[PDB]
Each structure stands twice: as structure tokens, then as C-alpha cells.
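Worksheet: one structure, shown below.
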Ligand SMILES: CCCCCCCCCCCCCCCCCCCCCCCCCC(=O)N[C@@H](CO[C@H]1O[C@H](CO)[C@H](OCC2CC2)[C@H](O)[C@H]1O)[C@H](O)[C@H](O)CCCCCCCCCCCCCC
Ligand SMILES: *[C@@H]1O[C@H](CO[C@@H]2O[C@@H](C)[C@@H](O)[C@@H](O)[C@@H]2O)[C@@H](O[C@@H]2O[C@H](CO)[C@@H](O[C@@H]3O[C@H](CO)[C@@H](O)[C@H](O[C@H]4O[C@H](CO)[C@@H](O)[C@H](O)[C@@H]4O)[C@@H]3O)[C@H](O)[C@H]2NC(C)=O)[C@H](O)[C@H]1NC(C)=O
Ligand SMILES: *[C@@H]1O[C@H](CO)[C@@H](O[C@@H]2O[C@H](CO)[C@@H](O)[C@H](O)[C@H]2NC(C)=O)[C@H](O)[C@H]1NC(C)=O
Ligand SMILES: *[C@@H]1O[C@H](CO)[C@@H](O)[C@H](O)[C@H]1NC(C)=O
Ligand code: NA
Ligand code: NA
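Chains as they are written, first to last, in PDB author numbering: chain D, 2 to 240; chain A, 6 to 197, 202 to 279; chain B, 2 to 98; chain C, 1 to 182, 184 to 204.
Right, here's the structure in full:
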């Protein structure tokens with residue numbers, strides 16, 4: 002029994018309208034919306050016993066729920082506030098006590114969008130010193146100059162995502178810690194065997210999925226509109 | 006000989022927020038317990054109402070019921086949300102649960118549920134079921150209630166084991182109250202070209218009684234017994250009427266037979 | 002919604018001037034919200050005891066009100082019931098006869 | 001303050017060590033208790049569900065107990081691995097059906113420090129694939145007794161340490177990265194850190 006949530010990540014402005022959606026093809030009557038905040042357990046916002054039914058949970062204020070069909074249960078923030086910055090979890094169930102949770106949705110509500118900026122991405126190739134010393138090859142990916150800090154960095158070898166040999170900084174660092182709306186940098190490493198990096202049919206790509214503005218978001222500044230987008234950097238193996 | 010033990014629960018749900026649950030317990034026609042909504046604990050209405058249960062067994066049984074009352078209240082409220090807008094407040098739910106005790110160690114247990122004054126649901130064997138005549142929408146509540154294995158196991162144990170055990174002990178402990186004999190007292194009166206004679210019989214226990222208008226040795230088959238009406242002191246009241254032509258009341262008597270009189274019938278002549 | 006039956010009767014044989022108990026037995030009503038008053042000469046009697054509400058095999062509710070009273074030639078006694086199933090309150094007078 | 005309390009709030013253990021997590025609750029009634037594992041930024045993975053008055057369960061290296069009389073549950077992790085690094089959440093369901101509400105604990109954060117067998121600390125310079133006239137400095141292959149300090153200069157950037165796992169080779173290594181447009186060389190990059198003496202600086 003599987004549950005899906007969209008979007009998986011969203012940056013929004015105060016006063017904006019945000020809709021979080023949950024889809025469920027198990028033919029479960031019952032669906033449930035929670036938020037998770039540091040220092041608290043998951044708290045119930047709204048739930049539904051079927052199409053057309055919505056019920057208030059423990060913390061319903063500032064949220065509207067919508068159940069247009071058995072399959073879809075939506076959480077609507079009509080006038081988003083920063084206090085709604087959170088991780089949102091949807092779940093479904095039948096008559097039994099088990100609730101099957103979705104993968105979660107991260108929401109950041111900013112006061113203002115004026116500083117939103119996508120990353121620059123650079124891929125740094127392995128040191129020949131490292132190769133001769135360890136028979137291993139470490140690639141470094143660097144995402145810089147981005148705001149806010151909602152990014153997903155991933156590695157791709159020949160068009161397929163790799164997890165083994167990867168580690169990414171647990172949080173971005175601030176480029177100007179002094180300033181209020183500092184841009185961030187984030188680094189990640191992929192370490193392979195020298196022979197793997199030395200094979201020139203191997204294509205390496207580091208990809209950053211940046212969450213920013215939507216199509217419908219107003220934009221008054223000169224510079225390019227900093228929309229949700231992918232930025233990547235790429236290199237081929239070599240002897 | 007045969008005694009039925011009845012736990013009666015009455016629950017009013019006026020709207021989403023407001024509800025109250027009150028209970029009374031009967032062994033035969035004597036009240037053994039009371040459980041007001043206002044009270045955290047079950048009240049004994051007899052000295053012997055705990056039966057042969059230790060204080061620890063009673064506490065544990067009471068605790069189970071305390072959890073039940075709070076849980077029941079929330080479950081109904083959630084079931085209404087689940088069925089909305091098919092059903093709406095106000096809502097009355099009644100439960101009648103207990104056992105009928107037979108000679109031997111033989112007994113039959115029951116648990117019957119009424120919704121808006123109509124018997125719709127019982128517990129039978131190992132599960133909740135609707136009974137004939139019940140509306141189809143109850144199939145979803147039943148399905149949800151039957152998902153709860155824990156409640157099923159508890160109810161089975163209450164019905165199969167706890168009820169007969171408890172009531173056996175009650176019968177022992179309360180023997181002297183159950184077997185009491187209280188004498189009827191009678192008096193006559195009349196109302197309205203026909204007249205109605207009335208034989209009033211009051212204060213008798215137990216319930217079984219015989220009351221007949223007579224002319225000497227001839228039973229007046231026009232005699233009409235009313236219903237048994239309760240007194241506050243756990244005795245019974247009954248009246249027998251006879252419609253007669255005015256100035257025809259000479260030589261009519263009211264005869265009362267009851268177990269408490271030990272052969273000495275009451276005879277009141279007009 | 003069924004209309005409450007009311008029966009008024011004394012515990013002991015009625016003798017003018019002698020203390021006694023007056024019973025008001027209200028039956029066959031639902032829903033169970035009900036207001037019962039026992040009246041002396043149309044005035045509400047203060048200290049009226051109520052049994053716990055219960056119900057019969059047919060799921061209809063009943064309750065017993067009672068109060069101490071001393072009958073006389075002059076004084077009247079009644080039981081007055083308000084229930085949603087009736088437009089106006091119903092009053093049954095104690096006869097004795 | 002809440003109906004489900006977990007202890008400890010957080011703990012740090014070394015790879016191979018066992019640990020015990022506690023959950024105490026006041027929820028009534030208590031139909032069942034579930035333990036969840038939540039990786040950083042991920043979802044809820046069920047580890048076990050306890051239902052009996054005095055229950056015991058197991059699931060590989062995880063085992064759990066429930067005492068309903070004491071309203072207490074423990075989760076035991078045997079021989080911790082790096083991937084046990086996660087938040088562990090306790091949940092009490094108050095019904096054996098969908099009429100139930102879930103009562104979530106705030107969670108316990110576990111960090112497992114990995115075992116570095118053959119440390120080989122070194123500082124390498126990596127060049128950009130495109131515009132090759134800029135670079136980063138990689139401090140790698142140091143054991144977990146080594147602590148990486150932030151930069152003195154604030155136009156020099158240094159990440160915290162991070163451990164990767166080359167699963168097919170059964171090999172783990174720590175690393176940190178430094179860079180700057182300022184002057185900056187890899188010999189100077191980690192000066193502000195107590196780094197090993199045998200650290201390899203090639204060239
Ligand atoms: C019955 C006679 C017993 C003999 C002794 C009596 C002598 C003492 C005098 C008694 C005085 C009080 C009498 C008045 C009450 C008479 C009612 C009798 C019926 C009692 C039913 C008791 C049910 C007990 C269980 C219970 O509380 N369930 C409740 C709590 O359950 C939770 O906690 C449990 C703890 O034990 C267990 O978890 C523990 C795990 C298993 C280990 C459960 O798994 C867990 O889900 C549960 O919410 C239950 O659903 C409550 C309602 C059940 C009755 C429903 C009636 C059907 C109504 C149909 C509605 C249709 C209308 C829709 C709009
Ligand atoms: C409590 O007592 C009840 C029976 O008493 C009745 O209900 C009470 C609540 C009360 O009102 C009493 O006054 C009243 O008389 C027990 O209920 C019986 O439970 C058994 C098993 O637990 C049921 O037997 C089953 O019958 C099914 C046919 O519909 C059948 O499918 C089942 O098969 C199972 O077993 C066979 C092996 O023979 C296996 O092949 C299957 O795979 C499966 O396991 C099973 O045979 C009775 O039908 C129930 N009786 C009624 C009338 O419904 C209850 O168990 C008992 N509980 C306790 C804890 O004592
Ligand atoms: C019947 O009893 C219940 C339980 O005692 C009452 O519900 C409580 O009401 C108080 C104050 O009104 C609240 O603070 C509690 O939260 C309620 N308790 C529970 C367990 O929910 C209910 O109000 C009573 N009904 C009436 C009409 O008096
Ligand atoms: C709910 O019902 C009660 C009892 O009749 C009533 O007094 C109260 O006003 C009602 N509350 C609401 C919110 O309708
Ligand atoms: Na390298
Ligand atoms: Na790091």
C-alpha cells in the first residue's frame with residue numbers, strides 16, 4: 002500500500018496560496034495530514050473518512066482540507082505564514098489501525114522572495130596524487146551562491162543515479178554569515194576506484210535540483226526569474 | 006428460579022460536543038448498580054452489589070468500564086463523522102447486556118444495541134453483527150468495530166466468563182434480599202349509568218400475585234388487572250377493576266392471593 | 002416520538018390527615034429528555050425524589066417520581082410532564098377513588 | 001507536557017556498540033506501540049509493532065519490549081552500523097481500528113561514529129572540469145578521532161567532516177573540503194585544525 006505526495010519541496014511567500022496534494026491508489030477510505038516540527042512529534046492537522054468528508058484534527062487553524070475523490074486528499078494554505086514552515090506527511094488507511102505514510106513534503110514560507118537565487122555548480126576532478134597514493138578517485142561537487150537552502154544534490158554515472166561512495170554535507174554553509182539573507186554553498190563527494198574514473202566511457206554528472214519561484218510568482222527585478230530548476234556539471238573519465 | 010442480569014446503558018448525543026451516558030444494573034427486578042454521567046465510579050445500590058469479587062477484581066473491572074465509557078463516547082462521535090451526512094445529531098444509543106442464569110452452571114449471555122430506539126446490532130460469537138431489519142449503512146461501522154480484535158477478545162471474556170461468574174456470586178451474596186416476602190395491603194374504591206369498582210393492592214414482593222373480584226365463590230370474569238406499577242421501596246402496586254351496574258355492588262368482594270400471606274388470603278367485601 | 006403515559010397512585014391506603022407517599026410513574030416515552038413535576042394545588046412540591054431512569058425490553062424509557070404527602074378533603078395532587086413529543090404539558094390528577 | 005516521552009533526546013555511539021532507546025507514555029487506552037526509523041530528510045520506516053501486555057519482538061539487529069502495566073517500551077539496537085544514524089520515533093495507537101488516534105513521541109537522535117581501520121590522512125588539490133584555473137582542497141582518509149575546525153578567514157570556506165561508504169569494497173573514509181577565491186593554497190587550508198602529523202601533502 003503506497004502513498005505519494007506532491008510537491009516534494011516548495012518555497013513560498015507570506016500571503017501566497019499553497020496546496021499540498023496526496024495521492025493513494027489503495028482504495029483506502031481514510032486519509033490524514035500531519036506536520037512534523039523539531040521538538041515535537043507528528044501532529045494531526047486534518048483527516049477524511051471519504052470523498053466530501055473533511056474533519057478537523059488537533060491543529061487545524063490556518064489550513065483547509067479537501068477530499069474531491071477517494072484517491073486525492075489536499076491541504077490548502079490559503080494565506081501562507083512563516084509558522085507553516087514544516088515537513089508535511091500524508092497517510093492513508095482502511096478500517097484497520099495501520100496508517101501508511103507518504104515520503105513527506107518540505108515547505109518553507111519566506112517573508113519575501115527578493116533574495117531567491119539558483120546555484121552555480123562546479124565539478125572538481127580527481128587528484129593524480131590521490132590516484133597513485135590510494136588507487137581511488139574522489140570527485141567533488143560544489144553548489145554556490147543559492148538562496149534559500151532547499152536543494153537536492155545527486156550523482157549520476159552514465160544516466161543512472163549512484164548512492165554508493167557518496168556523501169553530501171548534512172547542511173549548507175553560509176557564504177556571508179554576517180548578513181541576514183546570506184547565500185549558501187553545499188559540497189558533495191563521489192569516490193570511485195581509479196580504474197573506474199580512468200575508463201573514458203564513464204560519464205559523471207553532479208546535479209542540483211533547486212526549489213525557487215513558480216511560473217505564477219510575480220518578479221519585478223531585472224535579473225532572470227529564479228525559478229525551480231536543475232543545474233548540473235559534468236565530466237568524462239580518462240586515463 | 007431463573008434470574009436475568011441486565012446492564013442498561015443510555016447515551017444521548019445532542020450535537021458534536023455534548024453527550025451524556027447513564028447506566029443502571031438489574032438482577033431480576035432489583036437494582037444493584039447505578040452509574041451516573043456525573044460520577045467517575047460505579048455506585049452500589051445494595052450492600053451485596055460487589056458480589057463475591059475481591060476489591061482487586063472489582064477495581065480492575067471498574068477500570069475497564071471507565072476506559073470503555075470515555076472510548077465509547079469518542080467512537081460514536083467518530084462513527085457519525087464517518088457516515089456523515091447520512092446520519093446526524095441528535096442521537097440516542099441504548100445497550101442491554103448481561104446474562105440469564107439457569108439451573109446448573111448453564112447461562113446465556115447477550116449484548117444488544119439500539120440506535121434511535123431500534124434494536125439494530127448485537128455481539129454474537131466473536132463479532133458484532135446487524136440483526137434483521139437494520140439499515141445497510143451500519144455495515145461500515147460493523148466493519149470498523151470488527152477490525153478491533155482487542156475489543157472482540159475483551160467482550161467475549163466479559164460475556165462468556167465474567168458475567169456468569171459475577172452473577173453466581175451476586176445470587177449467593179444477595180440471597181436474603183432476592184427471597185424477601187412482603188405482604189400486600191388492599192383497599193377498595195369506585196368511580197363512574203355504570204360504576205367501576207377498584208381493588209387496590211400495594212406493598213407486595215415478589216411480583217407474582219392473584220387478584221379477583223368475587224360474588225361469594227363465583228369469580229367475576231369481568232375483572233381487569235392493570236399493569237404492575239413500582240413503589241419507591243422495591244415493592245409492587247396493582248389494581249383490579251370491575252365494571253358493574255349502579256346499586257349492584259352488594260356482596261362483591263376482592264380476593265388477593267400472594268406467597269407472603271401463607272394461606273391467609275385477603276378478602277375485602279364492598 | 003411516543004407520548005408519555007402517566008399513572009398516579011399512593012403507596013398506602015389514603016386516609017385524610019395521615020402521612021403517605023404519592024407515586025408518579027411515567028412510561029413509554031422517547032427520547033429520554035423529560036421534565037416531571039408533582040403538584041399540590043397546582044404548586045410545585047419542593048422535595049421530590051426521582052428513581053434512576055431505565056428502559057423496558059421494548060427500549061422505551063420509564064422513571065418513578067415520588068413524594069411525601071398527607072391527603073385531605075380539599076387539597077388536590079397531580080403530576081405534570083413536559084416532553085418534546087407533546088405540544089402542551091400533560092397533567093394527571095390523583096383521584097384516590 | 002505530552003503523552004509520549006522518549007529518552008535519551010540524543011546519543012553518540014561507536015560502530016559495533018549496542019544501545020537502548022526508551023519510550024514512556026500516559027496514553028489510555030494503549031492498543032499498540034510502533035517504532036519508526038527516520039533517516040535525515042526521509043520518511044518513516046516501521047521497525048516493529050508491539051501489541052501484548054508483556055510483548056517482545058525482533059527484526060534483525062532491532063529488538064523491542066513492551067510493558068503495558070508500566071507504559072514503557074525499549075528499542076535495542078545490537079552492533080550499531082553507520083546507517084543506524086537516524087531519528088527513532090515511538091508511536092502509541094489508542095485503538096485497534098481506524099477510530100484510533102496516533103500519539104507520536106518527539107524522537108531520539110542516534111549518531112553512530114564509523115570505524116576507520118586503515119587511516120591514510122592526506123590533503124589533495126582538485127581542479128574544476130571546465131574553468132581549470134580554480135580548485136578545491138580535499139582533506140580525506142583521516143580517522144574519527146580527528147576534528148575539522150572552521151576557517152579563521154571568512155573568505156575561506158571549510159565544510160564539516162563527512163563519511164562515505166564504498167559498499168562493494170567494504171570501505172569507509174572521512175573527508176572535508178576547503179576553497180576560496182583568495184593567498185589560498187592546500188598547505189594552508191586546514192592550518193586552523195589539529196590534523197595528524199603524518200598527513201600527506203604531495204607536490
Ligand atoms: C456485560 C456484563 C459484564 C458483567 C459484569 C458487570 C457488573 C458490573 C456492573 C457494570 C456497570 C456498567 C454497565 C454499563 C455498561 C454496559 C455496556 C456493556 C458493553 C461493554 C463493552 C465493553 C468493551 C470493552 C473494550 C473497550 O473498552 N473497547 C473500547 C476501547 O478499545 C481500545 O482499548 C481496549 C482496552 O481493553 C482494547 O485495547 C487493549 C488491547 C486488547 C489488548 C481495544 O483493542 C482498543 O481499541 C473501544 O473503543 C470500543 O469500540 C468501545 C465501544 C464498544 C461498544 C460498541 C457498541 C456498538 C455501537 C454501534 C454504533 C452504531 C451507531 C453509529 C452511528
Ligand atoms: C465465547 O462464546 C462464543 C459462543 O457463545 C455465543 O456467543 C457469546 C458471545 C454469548 O452470546 C453466548 O451466550 C453465545 O452462546 C464463542 O463463539 C464461537 O467461537 C468459535 C471459535 O472461536 C466459532 O467457531 C467457528 O465457526 C466458524 C463457522 O462459521 C468457523 O469458520 C471457524 O473455523 C475455525 O476453526 C476451524 C477448526 O475447527 C478451522 O478450520 C478454521 O480455520 C477456523 O480457525 C470456527 O469453527 C463459533 O462459530 C462461535 N460461536 C458462535 C455461535 O458464533 C467464542 O469463541 C467464545 N469466546 C471465548 C474467548 O470463550
Ligand atoms: C458527562 O461526563 C463527561 C466525562 O466526565 C463530561 O465530559 C467532560 O466535560 C468536562 C467539562 O464540561 C471537560 O473538561 C472534559 O474534557 C470532559 N471529559 C471527557 C473525558 O471528555 C460531559 O460533559 C458530561 N456531560 C454532561 C452533559 O454533563
Ligand atoms: C448542544 O446541545 C446542548 C444540549 O441541548 C445545547 O444546550 C447546546 O447549545 C448545543 N451546542 C451547540 C454548539 O449547538
Ligand atoms: Na581527489
Ligand atoms: Na560535511
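Note that beta-carbon positions come from the ideal geometry of N, C-alpha and C, so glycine has one too.
Please report the straight-line C-alpha distance between residue i and residue j, rounded to a whole angstrom.
i	j	result
residue 24(A)	residue 97(D)	26 Å
residue 214(A)	residue 95(A)	39 Å
residue 126(C)	residue 128(D)	5 Å
residue 147(D)	residue 169(D)	16 Å
residue 39(A)	residue 9(A)	17 Å
residue 182(A)	residue 259(A)	41 Å
residue 176(A)	residue 50(B)	29 Å
residue 54(B)	residue 65(B)	8 Å
residue 185(D)	residue 145(D)	6 Å
residue 5(A)	residue 49(A)	The structure shown has nothing for residue 5(A), since chain A only spans 6 to 279.
residue 84(B)	residue 37(B)	9 Å
residue 138(A)	residue 6(B)	27 Å
residue 43(C)	residue 107(C)	13 Å
residue 125(A)	residue 47(D)	31 Å
Please confirm whether any heavy atom of ligand 4 lies closer than 8 Å to the CB of residue i.
i	result
residue 20(A)	yes
residue 35(C)	no
residue 53(A)	no
Relative to ligand 6, is the shortest distance from any of its heavy atoms to the C-beta of residue i smaller than 8 Å?
i	result
residue 161(C)	yes
residue 144(D)	no
residue 178(C)	no
residue 188(D)	yes
residue 173(D)	no
Beta carbon of residue i, beta carbon of residue j: below 9 Å?
i	j	result
residue 192(D)	residue 173(C)	yes
residue 4(C)	residue 72(C)	no
residue 140(C)	residue 94(C)	no
residue 150(A)	residue 104(A)	no
residue 234(D)	residue 154(D)	no
residue 138(C)	residue 131(D)	yes
residue 81(D)	residue 17(D)	yes
residue 200(C)	residue 91(C)	no
residue 160(C)	residue 149(D)	no
residue 211(D)	residue 230(D)	yes
residue 52(D)	residue 75(D)	no
residue 10(B)	residue 238(A)	yes
residue 241(A)	residue 53(A)	no
Relative to ligand 3, is the shortest distance from any of its heavy atoms to the C-beta of residue i smaller than 8 Å?
i	result
residue 91(C)	no
residue 75(A)	yes
residue 24(A)	yes
residue 143(C)	no
Return yes when at least one heavy atom of ligand 2 lies under 8 Å from the C-beta of residue i, else no.
i	result
residue 114(A)	yes
residue 235(A)	no
residue 103(A)	no
Counting only Cβ-Cβ distances shorter than 8 Å, please list the residues of the stretch 22-54 of chain B near chain A, keeping chain order. 22, 24, 26, 31, 32, 33, 34, 50, 52, 53, 54
Interface positions of the stretch 168-181 of chain D facing chain C (Cβ-Cβ less than 9 Å), listed along the chain: 168, 169, 170, 171, 172, 174, 176, 177, 178, 179
Counting only Cβ-Cβ distances shorter than 7 Å, please list the residues of the stretch 75-105 of chain C near chain A, keeping chain order. 95, 96, 97, 98, 99
Which residues count as close to ligand 8 when the rule is a CB under 7 Å from any of its heavy atoms, in chain order? With respect to ligand 8, the structure shown offers nothing to examine, as its ligands consist of ligand 1, ligand 2, ligand 3, ligand 4, ligand 5 and ligand 6.
Using a Cβ-Cβ cut-off of less than 8 Å, list which residues of the stretch 144-173 of chain A approach chain C; keep chain order. 149, 150, 152, 153, 154, 155, 156
Can you give me, in chain order, the residues of the stretch 89-112 of chain D that have a beta carbon less than 7 Å from any beta carbon in chain A? 96, 97
At a Cβ cut of 7 Å, what residues of the stretch 84-105 of chain A count as close to chain D, listed as they run along the chain? 86, 87, 89
Return the residues of the stretch 41-52 of chain D that lie within a Cβ-Cβ distance of less than 8 Å from chain A, sorted by chain order. 50, 51
Residues in the stretch 28-53 of chain C with C-beta within 9 Å of chain A's C-beta atoms, listed in sequence order? 28, 29, 31, 32, 51
Could you name the residues of the stretch 12-30 of chain A whose beta carbon sits closer than 7 Å to any beta carbon of chain B, in the order they occur along the chain? 13, 15, 17, 27, 29
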